[PDB]
Amino acid sequence: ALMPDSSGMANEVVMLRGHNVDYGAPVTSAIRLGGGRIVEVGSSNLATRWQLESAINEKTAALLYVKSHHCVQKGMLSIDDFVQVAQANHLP
Amino acid sequence: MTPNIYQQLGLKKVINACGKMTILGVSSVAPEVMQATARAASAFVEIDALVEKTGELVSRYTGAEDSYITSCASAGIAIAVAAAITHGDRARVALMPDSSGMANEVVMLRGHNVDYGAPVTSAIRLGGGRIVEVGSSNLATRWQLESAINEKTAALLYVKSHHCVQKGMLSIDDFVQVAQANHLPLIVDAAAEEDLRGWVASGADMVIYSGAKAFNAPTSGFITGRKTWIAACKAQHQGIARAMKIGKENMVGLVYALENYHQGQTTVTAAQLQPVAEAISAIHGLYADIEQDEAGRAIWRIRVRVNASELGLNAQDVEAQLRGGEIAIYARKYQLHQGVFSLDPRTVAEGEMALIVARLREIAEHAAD
Amino acid sequence: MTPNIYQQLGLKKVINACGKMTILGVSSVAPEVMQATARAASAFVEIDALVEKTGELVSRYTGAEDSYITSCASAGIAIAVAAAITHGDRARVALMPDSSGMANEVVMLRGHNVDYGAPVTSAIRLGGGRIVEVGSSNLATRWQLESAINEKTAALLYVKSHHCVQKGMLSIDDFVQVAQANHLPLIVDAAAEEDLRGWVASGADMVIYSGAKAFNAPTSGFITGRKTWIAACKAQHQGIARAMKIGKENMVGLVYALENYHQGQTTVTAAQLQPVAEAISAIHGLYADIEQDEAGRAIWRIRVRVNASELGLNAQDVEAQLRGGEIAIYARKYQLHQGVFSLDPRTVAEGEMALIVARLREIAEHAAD
Amino acid sequence: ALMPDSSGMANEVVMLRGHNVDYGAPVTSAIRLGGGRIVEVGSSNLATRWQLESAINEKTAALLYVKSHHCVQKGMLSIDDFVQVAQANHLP
Ligand SMILES: [Cl-]
Ligand SMILES: [Mg+2]
Ligand SMILES: [Mg+2]
Ligand SMILES: [Mg+2]
């Protein structure tokens with residue numbers, strides 16, 4: 001009943017900066033409607049796994065992986081990197 | 001050959017057939033450029049007078065009103081951002097990079113937030129800037145760039161690099177129109193660009209180049225642009241620019257490197273590389289031919305393809321034995337999965353081309369080993 | 001005479017008889033050192049291997065576990081402070097100098113907060129540090145140093161320079177005991193110090209020297225000390241150290257300058273300066289004699305007394321003509337109000353002494369005409 | 001009557017860092033007893049006139065010049081620099 005006012009909760013959505021794409025509307029809009037706050041990982045051309053691990057903290061709510069031709073392909077982390085990092089920290 | 005100075009220090013002789021790579025020292029300086037660098041290091045000079053003269057001489061090649069030589073392009077980004085936030089004010093220069101109460105936002109495209117070995121935000125943050133990204137990674141509109149401007153905005157940044165996403169981004173003209181409409185300085189990051197005049201001609205207030213990268217200079221860089229903003233760049237010498245120091249030897253070296261780049265540019269034609277490609281193709285299991293850039297750029301390289309069945313080793317192991325040998329020979333390994341390695345002759349010195357084919361002949365003999 | 005590289009650029013010829021002044025280019029590099037620098041710039045090298053080797057070679061002079069070459073001492077201060085805050089962690093390296101939320105306090109004596117052309121706090125602030133001053137400008141106590149240590153403290157800084165106040169300050173031993181008792185790294189700023197082993201052996205974790213100011217090297221510096229903290233210094237290459245870049249040519253130039261410093265350590269004697277003082281005294285109204293420094297070091301200068309009534313110009317007018325002439329001759333102007341200017345021969349090249357006595361004779365003729 | 005509490009008043013006392021001396025008790029303790037807030041100008045070896053002028057603002061109450069052998073002598077601003085800055089900003 002409080003959404004999208006996620007104040008005082010773990011509300012950070014960790015995703016790759018190269019996956020913050022626009023499909024006619026920015027993907028951050030749908031994430032913000034769900035009460036999430038964007039935490040972008042890595043640069044637009046390079047993204048290392050330790051950057052994904054470093055974004056996980058006490059306020060992280062979930063990890064987001066975007067599969068689309070809009071996203072940048074090279075230099076990004078695979079889906080398995082997100083599976084392992086999310087499983088290691090027990091995050092959806 | 002006679003062992004170079006790195007062999008006398010106990011290190012491997014490096015033959016760079018890959019490009020202007022930072023892991024190999026970026027570039028190789030011309031001997032006559034180092035002669036001017038050596039003479040500058042062996043004599044004293046009024047630094048303030050040298051800063052004015054070198055800025056004038058660099059500006060002769062760019063077309064800007066004034067210039068300021070830095071230690072590198074990353075230093076040029078920090079100084080240019082600091083110049084936009086401090087406006088040259090000595091008290092504000094002393095507080096850098098702490099811009100807690102000032103307009104310190106640097107507006108840039110999200111698709112330009114790239115990593116050139118170090119994130120570009122690190123250089124901006126050293127200049128007291130705060131990142132304000134515009135648009136998505138695949139698309140950016142003009143109203144998004146206009147909307148990011150506010151009272152806390154200090155400058156606009158445009159990054160020119162292959163690291164940036166190319167499609168769906170805004171042009172340099174959009175940044176010029178938004179910057180001048182809000183009376184804000186536009187900073188352009190053209191570190192690896194060999195075009196000295198194109199970006200000052202775009203209307204940008206400050207353009208940053210890397211002397212080592214683009215012009216085979218000793219470790220140096222320079223900010224070029226409008227005189228009022230370059231003056232604000234020089235004011236950082238009593239602040240953050242003291243830690244990003246460049247001495248009298250490399251300031252002079254950059255000037256003579258620009259002169260040498262202006263009076264040369266004779267490249268390796270496809271007819272010069274054919275005798276080398278036939279020498280590599282004479283080896284069993286190797287087939288070499290001349291190739292141009294994908295974008296039609298006047299750059300010709302040696303495309304060497306490896307046959308794993310005939311040679312006995314795949315292209316990955318040939319590239320590993322080239323780098324891992326007693327002479328470290330680095331080649332382009334983008335298409336290494338295709339069984340192909342290319343040799344860029346722009347960074348290859350005279351006689352080193354014969355050393356590459358000699359090592360390739362030795363790798364073929366020891367493939368049965 | 002043959003014009004130097006700066007006269008060909010339209011600048012004055014500088015005869016430095018004043019000392020290692022930053023406004024004159026700090027220092028003059030030996031020719032055999034620039035020969036090493038020139039070869040290093042004309043060849044490529046595995047940078048990862050060069051950083052390890054140069055750190056190993058520098059560690060032999062300082063006796064430390066490891067060393068790391070920087071662009072300057074100001075860069076070394078920022079890198080050492082960033083190393084103490086980030087501990088080498090790649091996530092914290094990219095956040096610098098934004099150390100918000102981390103232990104970022106750099107504890108130091110208020111009497112060590114000096115300005116060497118740029119305030120030392122600027123270099124510390126570039127590393128993400130926040131200043132915590134201890135004691136007064138005339139007195140500092142040990143309990144003041146221990147009280148300043150808290151959970152947000154990251155490092156302790158000791159500065160050795162003539163700019164610092166000398167009386168009433170704490171000793172280096174007090175900083176070593178407090179730093180190790182709280183398990184904190186101790187940073188020592190010995191930029192212009194020629195003692196390469198004394199500060200590392202005192203227990204300091206990171207000691208910072210200026211290669212240019214102390215050893216007549218090309219623009220370079222180096223941090224030396226514990227292997228773990230030097231490793232945290234190298235970790236900044238993906239962060240703030242990218243904007244403080246030093247290239248392979250000046251890395252090698254620093255190593256050969258440390259070799260050229262230990263060998264052929266030469267000091268001009270008083271007997272060598274007496275023929276020059278006799279020539280200056282042959283001028284009407286000028287008397288020149290050799291004077292040793294007040295401390296008693298092996299440093300002798302040519303003290304020149306000016307008689308305004310007999311020459312027609314006071315010492316201040318002569319010093320202005322020495323800098324204002326066609327050849328910019330810089331001399332020590334501290335005793336200028338007493339009718340005295342001194343000539344320091346340590347930065348005077350061969351044949352430049354005869355040019356000084358020739359200019360002085362020309363000044364005397366233009367005072368009697 | 002509110003002294004030494006000067007919370008809502010112009011209470012900053014501008015002085016040189018080289019003059020912040022200890023004569024058995026720190027001079028800041030006496031300044032603080034009168035409700036003063038210490039504002040240090042310049043480094044311990046050099047103090048330029050623009051540094052003194054930049055420390056002056058609406059919350060500045062007075063300028064302090066300490067004459068003592070305990071103070072740093074070289075690189076400091078003279079008494080004439082303090083008088084002129086005080087007259088230009090209408091401060092005691
Ligand atoms: Cl300060
Ligand atoms: Mg980033
Ligand atoms: Mg301006
Ligand atoms: Mg005589």
Side-chain angles (χ1 to χ4, degrees), chain C residues 21-23 73-74 77 106-125 130-145 147-148 157-170 189 191-192 213 294 332-338, chain D residues 4 11-57 62-82 85:
Chain C
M21 303 312 168
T22 57
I23 69 179
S74 298
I77 299 177
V106 180
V107 172
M108 67 180 304
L109 299 183
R110 189 182 315 271
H112 287 189
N113 187 14
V114 300
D115 194 320
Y116 50 81
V120 72
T121 59
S122 291
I124 300 168
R125 198 180 302 105
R130 296 183 59 179
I131 306 299
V132 176
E133 286 172 317
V134 169
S136 304
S137 58
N138 61 331
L139 177 76
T141 66
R142 169 120 172 182
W143 64 265
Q144 288 165 339
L145 188 65
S147 300
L157 182 64
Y158 187 98
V159 186
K160 217 297 177 184
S161 184
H162 60 97
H163 296 134
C164 296
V165 60
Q166 311 297 332
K167 298 285 124 291
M169 292 297 97
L170 296 176
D189 182 8
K213 221 194 288 185
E294 301 175 349
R332 291 191 173 272
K333 59 176 183 179
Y334 298 92
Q335 310 174 248
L336 202 58
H337 59 277
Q338 311 176 36
Chain D
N11 52 17
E12 299 185 358
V13 178
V14 174
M15 69 179 302
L16 296 178
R17 186 177 314 276
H19 287 187
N20 186 10
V21 296
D22 192 330
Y23 50 83
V27 73
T28 59
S29 295
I31 302 169
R32 198 179 300 106
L33 278 178
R37 293 278 298 276
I38 303 96
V39 175
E40 289 170 317
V41 166
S43 303
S44 58
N45 64 316
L46 180 64
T48 60
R49 196 167 183 268
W50 63 265
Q51 290 167 334
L52 178 62
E53 301 165 341
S54 300
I56 307 301
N57 59 87
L63 279 65
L64 180 65
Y65 186 95
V66 187
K67 168 63 179 181
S68 180
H69 66 279
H70 294 143
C71 301
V72 172
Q73 309 297 334
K74 299 310 196 308
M76 302 292 95
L77 294 174
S78 65
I79 181 61
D80 307 71
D81 295 80
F82 274 71
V85 168

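First the proteins, then the strands, lettered A, B, ... as listed; each starts at 1. FYI, side chains are in, hydrogens and waters are out, and symmetry mates aren't considered; it's all heavy atoms of this structure.
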Undergrad: Using the rule side-chain contact (heavy atoms from CB on, under 4.5 Å), only one of C:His163, C:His162, C:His112 pairs with D:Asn45; which is it?
TA: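 By the side-chain contact (heavy atoms from CB on, under 4.5 Å) criterion, D:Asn45 pairs with just one of C:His163, C:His162, C:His112: C:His163.
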Undergrad: So which atom in C:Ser137 and which in D:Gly18 form the shortest heavy-atom distance, rounded to 0.1 Å?
TA: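 Heavy atoms only, the tightest pair is OG-O, 3.1 Å.
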Undergrad: Flag yes if more than 12 heavy atoms outside C:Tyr334 fall under 6.0 Å of its OH atom; otherwise flag no.
TA: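 Not more than 12 within 6.0 Å, no.
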Undergrad: Supply the atom-to-atom distance C:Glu133 CD to D:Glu40 CD, rounded to the nearest 0.5 angstrom.
TA: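 The CD atom of C:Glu133 sits 5.0 Å away from the CD atom of D:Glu40.
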Undergrad: Surrounding CZ of D:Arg37 (heavy atoms of other residues, nucleotides or ligands, distance under 6.0 Å), is the total greater than 12?
TA: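 For D:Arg37, atom CZ is not crowded (no more than 12 foreign heavy atoms under 6.0 Å).
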Undergrad: Could you grab the distance from atom CG of D:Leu46 to atom CG of C:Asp115, nearest 0.5 Å is fine?
TA: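 Spacing of CG (D:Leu46) from CG (C:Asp115) equals 5.5 Å.
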